[PDB]
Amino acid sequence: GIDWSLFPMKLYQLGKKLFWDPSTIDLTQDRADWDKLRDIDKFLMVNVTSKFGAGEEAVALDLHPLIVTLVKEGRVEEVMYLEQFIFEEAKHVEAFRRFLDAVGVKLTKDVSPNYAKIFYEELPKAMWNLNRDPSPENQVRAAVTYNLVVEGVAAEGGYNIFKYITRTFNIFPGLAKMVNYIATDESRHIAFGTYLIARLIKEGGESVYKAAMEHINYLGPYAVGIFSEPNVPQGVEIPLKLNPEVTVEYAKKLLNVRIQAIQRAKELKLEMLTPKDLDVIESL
């Protein structure tokens, strides 16, 4: 009794068409490119990649209450997509772990408080609050946290950091290929979160809409502050010629795009919804 015309199933079949595996990606050149990086460049690299490895793992693990919530409500279509969502997240964890393994590399809170606030406090709190009370308001706060904030701002802003480094120095071709594939999966993740927040709001009314706008405003400063957390004492040089103002500015603009996506979710036609309507990448 599956409705294949539902929007989650559209993204579900898309995730199957655009399937990839990080074990088929050669990291030989990436290992050679590791020697091209100075110590302050390697620190910046480990900083971001480990926050990706740990963040994607936090999402893959902390998303268990939402899936249990939806299966108790008998929403088989949305449960089937979250099962694809979770595996893709763990697939992203493998991708970053294979890169760290290839370069020979074997979360402080004290130097990264914004990152810890999101992934170690606010993400597990919003998710495991569903075990306490799976209300529509807690479900929209969960969706806002892991999807629009963790992925829509933190992950997407991280992608911008990787793309700048790979094109500026012509390094890490395997990682650049990984980020493209990861950003493709994440495109469907944002669309499902937009749809999910749309369904909760259209079924729960103004009470659900307020909870989404209050939660994303509350998380906003921490999500943007994630990109103001380089390594330790800075030093004289900026690693890998990054522009700190543009990195932070991009996240702020991402945050506003996610805020406006909640405002547009009130009046959104869910039945005629297609991935192209949510600007979803439909080709690898």
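One-based numbering along the sequence shown.
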Unresolved deposited residues lying between neighbours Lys106 and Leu107: 4 to 9
Residue range whose averaged C-alpha B-factor is higher in the record, 272-280 or 257-265: 272-280
Which of 58-66 and 231-239 has higher mean CA B factor, as the PDB entry lists it: 231-239
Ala223, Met45, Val246, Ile216, ranked by C-alpha B-factor: the highest one: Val246
Residue with highest C-alpha B-factor in the PDB entry, from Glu89, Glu122, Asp110, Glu77: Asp110
Among modelled residues of the same chain, the CA temperature factor third for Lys17: highest
Within-chain third of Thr184 by Cα B-factor, per the entry: lowest
Third of the chain's Cα B-factor distribution that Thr145 belongs to, per the entry: lowest
Position of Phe96 among the chain's modelled residues by C-alpha B-factor, lowest, middle or highest third: highest
Chain-wide C-alpha B factor ranking for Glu83, given as lowest, middle or highest third: lowest
